[PDB]
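K.L.:
quick one: experimental structure and sequence below.
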There are 2 protein chains.
Amino acid sequence: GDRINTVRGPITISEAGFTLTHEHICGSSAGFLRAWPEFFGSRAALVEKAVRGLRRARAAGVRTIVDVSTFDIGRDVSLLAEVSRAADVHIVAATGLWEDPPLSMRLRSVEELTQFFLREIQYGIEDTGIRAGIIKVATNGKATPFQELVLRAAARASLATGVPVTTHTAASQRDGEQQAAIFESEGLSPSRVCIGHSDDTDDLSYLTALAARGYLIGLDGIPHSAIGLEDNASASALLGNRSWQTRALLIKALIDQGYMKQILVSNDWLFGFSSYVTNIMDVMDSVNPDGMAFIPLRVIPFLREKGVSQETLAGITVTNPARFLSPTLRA
Amino acid sequence: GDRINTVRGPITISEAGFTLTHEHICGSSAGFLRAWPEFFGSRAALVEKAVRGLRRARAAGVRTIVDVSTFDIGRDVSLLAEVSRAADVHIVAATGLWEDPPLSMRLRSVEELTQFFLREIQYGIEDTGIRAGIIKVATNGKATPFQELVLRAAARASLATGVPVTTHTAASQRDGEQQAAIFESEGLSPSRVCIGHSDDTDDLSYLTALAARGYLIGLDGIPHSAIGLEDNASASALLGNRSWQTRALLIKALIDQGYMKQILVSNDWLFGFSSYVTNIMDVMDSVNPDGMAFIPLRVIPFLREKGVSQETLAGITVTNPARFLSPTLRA
Ligand SMILES: *[C@H]1CC[C@@](C)(CC)CC1
Ligand SMILES: *[C@H]1CC[C@@](C)(CC)CC1
Ligand SMILES: [Zn+2]
Ligand SMILES: [Zn+2]
Ligand SMILES: [Zn+2]
Ligand SMILES: [Zn+2]
């Protein structure tokens, strides 16, 4: 309630400022950057690209990003700390598990997983001493048996520490409904949970049913769109064919329904991406050259033109992330 | 043809001596030991157990083990080097991919995979400078599309370097037949390939069909048996219900069919095992307290009693591994 853990140590709530709540320095796999840095050109090339991108985001007003890369996204907190220092942008790191856990995770019990998540929140990630400030989980449709354990362990870790949970969904399958059911069965307050990738759907009944019971709604992929690349099957499968304007208008829709305090907005951008097809990063950068600066440079002015106030947008980009991230059992 | 790469540098062929060709210091997942060492008690506890085990194996006559842990078994070559130094046992490290590759590997092309395997053989693993001396691959039944790429890339890496290939099979599904077909389609000599876990089957037609075309036969799980633990479903699923004597007699069978020069024998032991059920290591150590010393302390005397000569067993445990491991396009 007074401090948020970043990769450079605790910061005060007021220090977080304008915060992107779902981003990645690098979307990869555990051990991969260490074993095959040439996949990204070089580790130094990846660092340089990330620092340039974060510096441009800072110039556009961003002060903090939440890197929601887990163990199995290949989160490298030493890389995050290096990039954070060079760009003067706070980075909050994550624990949890995404959609690609290895056997040594997939075989674990709910108690074992809770110990692992608590390790990364309360003690440190690997031998770095850097502590996670958020817990990331994932489903893609109906939860697998192991994913049910992950969601329950995430709830237990959050209940012990006050650190929030943020989720990956297949939004068009309404995953948030089952995620909410499992979280609530463990006693977790919806005020500690962001149901993410929720801008992947236009179903207002699904989105308002989550918001009505107190969940935060992660509209976190605004620039993801393959409009202009129908020839590219893999880019279309990843990014979808809805426009960024269509995604951004969901922010206005939820404001107009009274949920402005529960909206979290982000780009879900990356500076490297080995867990998808080769050269996807080049395709993505062609779609959105602004990178993580897309939200402040393009989405905020778009919503202002559509009649959203500056005050409301400041509440969504500053006040809501601080309330979400500040450790508490009830926000 | 003059040197084998180990985790402590090149060694001469004569230095390898008595060699176990399929072992693991730790069966885990990429990044896992770094992120959650408490799973093994501690990293220091794992090191200590491995050093004690390898020292007892050395006292029984072992001079070299081939650790066939890949990237996705969580191979940590710095751990291997530490254990090798302390126990005075050479350790050959592996490249390749086993049955649990992450997305950042599963999405790669045959050319990309060949670059990665060549990196670990020709340049070094991670930033350690330690070079792999063998390429490990896997199927469990019919090869997945990606596993076909892995087998082809393994063949290409072996054809460029002379380093051999060793495989994981579902032996009762006769995987070696498809593996051989794919290897031969890339032009790889069977003399550079060991079809492993072949002691998991009693099918002599399958085993002699591989040996007849020149493959080495990996009878590498001799002490794996759950005879005595039918109450334990997970141990029975892993270890099977055939006795170690039944597995060991396949060595004699292949000798009696004229294949003594193509047999490779090992324990497929480990000192930690996070990629299976919790406490499996305790169950395994109860079944086989000799660990990696099981082959020299129990299998060699058993075969001598069954009438196999000391000379023949020395050829299988010293001559065959040296011929297999010494880099060449044709052995
Ligand atoms: C933020 C302020 C409230 C409105 C104008 C809705 C009354 C939305 C923008
Ligand atoms: C090794 C020597 C050859 C035999 C005796 C078969 C003639 C097997 C043991
Ligand atoms: Zn996601
Ligand atoms: Zn993401
Ligand atoms: Zn195997
Ligand atoms: Zn093995």
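P.N.:
Received it, and whenever you're ready, just let me know what you need. Residues are numbered from 1 along each chain as shown, chains lettered A, B, ... in the order given. Ligands and ions are numbered 1, 2, ... in the order given.
K.L.:
can I get stretch A:35-47 as CSV, trimmed to CA atoms?
P.N.:
C-alpha atoms of stretch A:35-47 as CSV (Å, rounded to 0.1, in the frame of the first residue of the first chain):
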residue,chain,number,x,y,z
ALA,A,35,21.2,-20.3,-25.3
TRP,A,36,20.5,-18.7,-28.6
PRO,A,37,21.0,-14.9,-28.5
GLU,A,38,21.8,-14.8,-32.2
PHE,A,39,18.1,-15.5,-32.8
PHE,A,40,17.6,-11.8,-31.9
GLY,A,41,20.7,-10.6,-33.9
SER,A,42,22.5,-10.4,-30.5
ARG,A,43,21.6,-9.7,-26.9
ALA,A,44,23.2,-6.3,-27.3
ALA,A,45,21.0,-5.6,-30.4
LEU,A,46,17.9,-6.6,-28.3
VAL,A,47,18.9,-4.3,-25.4
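K.L.:
so what touches it?
P.N.:
Under the criterion C-beta atoms under 8 Å, 6 or more residues apart in numbering or on different chains, residues A:26, A:32-33, A:79, A:82-83, A:86, A:271-272, A:274, B:30, B:71, B:104, B:112, B:115-116, B:119-120, B:125-126 lie in contact with stretch A:35-47. Every residue, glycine included, has its C-beta placed from N, CA and C.
K.L.:
let's see that with 7 Å instead.
P.N.:
Stretch A:35-47 is contacted from outside by A:26, A:33, A:79, A:82-83, A:271-272, A:274, B:71, B:116, B:119, B:126, using C-beta atoms under 7 Å, 6 or more residues apart in numbering or on different chains.
K.L.:
over to stretch A:138-155?
P.N.:
With contacts defined as C-beta under 7 Å, 6+ apart, stretch A:138-155 is touched by A:96-99, A:106, A:109-110, A:113-114, A:117, A:135, A:137, A:165, A:167-170, A:173, A:175, A:178-179, A:182-183, A:186, A:188.
K.L.:
next one: the residue in the stretch 151-300 of chain A that ligand 1 sits nearest to from residue A:315, what distance?
P.N.:
Across the stretch 151-300 of chain A, the shortest distance to ligand 1 (C-beta to the nearest ligand atom) belongs to residue A:255, at 5.1 Å. For residue A:255, the distance to residue A:315 (C-beta to C-beta, to the nearest Å) stands at 10 Å.
K.L.:
more neighbours: which of the two?
P.N.:
Higher neighbour count among residue A:255 and residue A:315: residue A:255, with 21 against 16, using other C-beta atoms under 10 Å in any protein chain shown.
K.L.:
tell me, how many residues neighbour the residue in the stretch 1-150 of chain A positioned nearest to ligand 2?
P.N.:
Closest residue of the stretch 1-150 of chain A to ligand 2, C-beta to the nearest ligand atom: residue A:103 (39.8 Å). Residue A:103 has 20 neighbours, counted by other C-beta under 10 Å.
K.L.:
can you tell me how far it sits from residue B:27?
P.N.:
Separation of residue A:103 from residue B:27 (C-beta to C-beta) stands at 9 Å.
K.L.:
quick one: common contacting residues for these two?
P.N.:
Counting by C-beta under 7 Å, 6+ apart, the contacts common to residue A:103 and residue B:27 are residue B:275.
K.L.:
by neighbour count, which of the contacts of stretch A:35-47 wins?
P.N.:
Ranking the contacts of stretch A:35-47 using other C-beta under 10 Å puts residue B:71 first, with 31 neighbours.
K.L.:
wait, isn't that one in contact with residue B:30?
P.N.:
Yes - in this structure, residue B:71 is within contact of residue B:30 by C-beta atoms under 7 Å, at 5.6 Å.
K.L.:
which residues do those two both contact?
P.N.:
The contact sets of residue B:71 and residue B:30 overlap at residue A:31 (C-beta under 7 Å, 6+ apart).
K.L.:
quick revisit: and the contacts of stretch A:35-47, which is closest to ligand 1?
P.N.:
Distance to ligand 1 across those (C-beta to the nearest ligand atom) is lowest for residue A:271, with 32.2 Å.
K.L.:
ok, the closest one to chain B distance?
P.N.:
The gap separating residue A:271 from chain B is 15 Å, by C-beta to the nearest C-beta, to the nearest Å.
K.L.:
show me what contacts that residue?
P.N.:
Shown in contact with residue A:271 (C-beta under 7 Å, 6+ apart): A:25-26, A:46, A:49-50, A:53.
K.L.:
how about residue A:236?
P.N.:
Neighbour list for residue A:236: A:226, A:229-230 [criterion: C-beta under 7 Å, 6+ apart].
K.L.:
make a PyMOL selection of the buried ones in those.
P.N.:
Per 16 or more other C-beta atoms under 10 Å in any protein chain shown, the buried members of these correspond to this PyMOL selection:
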select buried, chain A and resi 226+229
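K.L.:
could the contacts of residue A:236 go into TSV alongside distance to residue A:292 and secondary structure?
P.N.:
Converted to TSV, these look like this (distance: C-beta to C-beta, whole Å; DSSP: H, G, I helix; E, B strand; the rest coil):
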residue	distance to residue A:292	secondary structure
A:226	19	coil
A:229	21	coil
A:230	26	coil
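K.L.:
as TSV, the contacts of residue A:236 with distance to chain B would be great.
P.N.:
Shown next, in TSV, are the contacts of residue A:236 (distance: C-beta to the nearest C-beta, whole Å):
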residue	distance to chain B
A:226	18
A:229	19
A:230	22
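K.L.:
ok, so of the contacts of residue A:236, who is nearest residue A:247?
P.N.:
Of all the contacts of residue A:236, residue A:226 has the smallest distance to residue A:247: 12.6 Å, by C-beta to C-beta.
K.L.:
wait, that closest one sits on residue A:235?
P.N.:
Yes - in this structure, residue A:226 is within contact of residue A:235 by C-beta under 7 Å, at 4.8 Å.
K.L.:
perfect, I'm done here.
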